[PDB]
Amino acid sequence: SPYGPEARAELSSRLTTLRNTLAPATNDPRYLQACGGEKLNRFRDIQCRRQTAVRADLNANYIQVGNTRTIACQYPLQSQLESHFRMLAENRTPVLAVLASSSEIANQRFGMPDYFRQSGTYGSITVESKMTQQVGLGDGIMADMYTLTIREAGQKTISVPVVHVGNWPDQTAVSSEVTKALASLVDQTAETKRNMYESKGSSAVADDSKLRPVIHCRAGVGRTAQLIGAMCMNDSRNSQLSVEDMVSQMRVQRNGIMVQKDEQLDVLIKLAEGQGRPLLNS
């Protein structure tokens, strides 16, 4: 009954109203606007909530779902790489979860720079990429891991662990089991890195805007929001947070597209049902 078709229809009803309400108008005061002709949004209709924006020149948002703090963003445009690396470094990023497939990255028509699998130089920043483990997530889905070492003259050098799932197709939902395994790996990777900073006495431990996992796919609304939803359900602090809560929270803090496809919502619903977590707010 609480996960039956009636509840699911009501959940979709409430979220569909929120999605349409949050659709961006022209020059919408709720959304970050391109500065002076330079492309900001990878997709014209997938925009960045202004009040939770991380940087004025990125399509990227601070997201807090219940207690779980993350950053969701689009795949950075080529012009945005320097700012993107600065965001990663200032955030002391404990894990960067990239869900864009290798074929997407390879397709030059899509303009998705290969910024974490190769070393490169972007403005004042030089990035060293090293390969580390590879972790199977199930159903043949593979997480390839890396460290990005971000260097800049006069700046503290920051190394960012990277979890790249290279065979999760766009506009699809991998199974609840694969999502659960990926969420565990991302959470685990961030906890190892966060612990390091804590053992070092980093001042970023006391900063709510820092030490946030950064998650992106291509647009930062589909596979990205599925993972963020799964991660928030692994947080023991989020007892009783509903699926309506978590999707509504992602949408108000980024855009109305968060959790783009019904199959992505269905993964979140199945994970909630496994935990006895409510779909609907009373």
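The first residue of the sequence shown is number 1, and the count goes up from there.
Enquirer: Is residue 203 missing in a third or more of the other PDB entries that were compared?
Expert: Across the compared entries, residue 203 is left out in at least a third.
Enquirer: Mean C-alpha B-factor higher for 181 to 189, or for 105 to 113?
Expert: Comparing 181 to 189 with 105 to 113, the higher average CA B-factor belongs to 105 to 113.
Enquirer: Using the B-factors recorded in the PDB entry, average over the C-alpha atoms of 168 to 176 and of 77 to 85, then report which stretch comes out higher.
Expert: On average, C-alpha B-factors are higher across 168 to 176.
Enquirer: Of the options 160, 71, 153, 145, which has the highest CA B factor as deposited?
Expert: Result of the comparison over 160, 71, 153, 145: 153.
Enquirer: Select one of 213, 229, 36, 220: the residue whose C-alpha shows the highest B-factor in the crystal structure entry.
Expert: Spelled out: the listed residue with the top C-alpha B-factor is 36.
Enquirer: Quick one: classify residue 30 as lowest, middle or highest third of the chain based on its Cα B-factor.
Expert: Its C-alpha B-factor belongs to the middle third of this chain's values.
Enquirer: What third of its chain's C-alpha B-factors does residue 198 belong to: lowest, middle or highest?
Expert: Its C-alpha B-factor, which the entry lists for residue 198, ranks in the middle third among residues of this chain.
Enquirer: Report the third (lowest, middle or highest) to which the CA temperature factor of residue 240 belongs, ranking only the modelled residues of the same chain.
Expert: CA B-factor rank for residue 240: middle third.
Enquirer: Using the temperature factors of the C-alpha atoms in this entry, rank residue 136 within its chain: lowest, middle or highest third.
Expert: CA B-factor rank for residue 136: middle third.
Enquirer: Relative to the other modelled residues of the same chain, rank the CA B-factor of residue 124 and answer lowest, middle or highest third.
Expert: According to the entry, residue 124 has a C-alpha B-factor in the chain's highest third.
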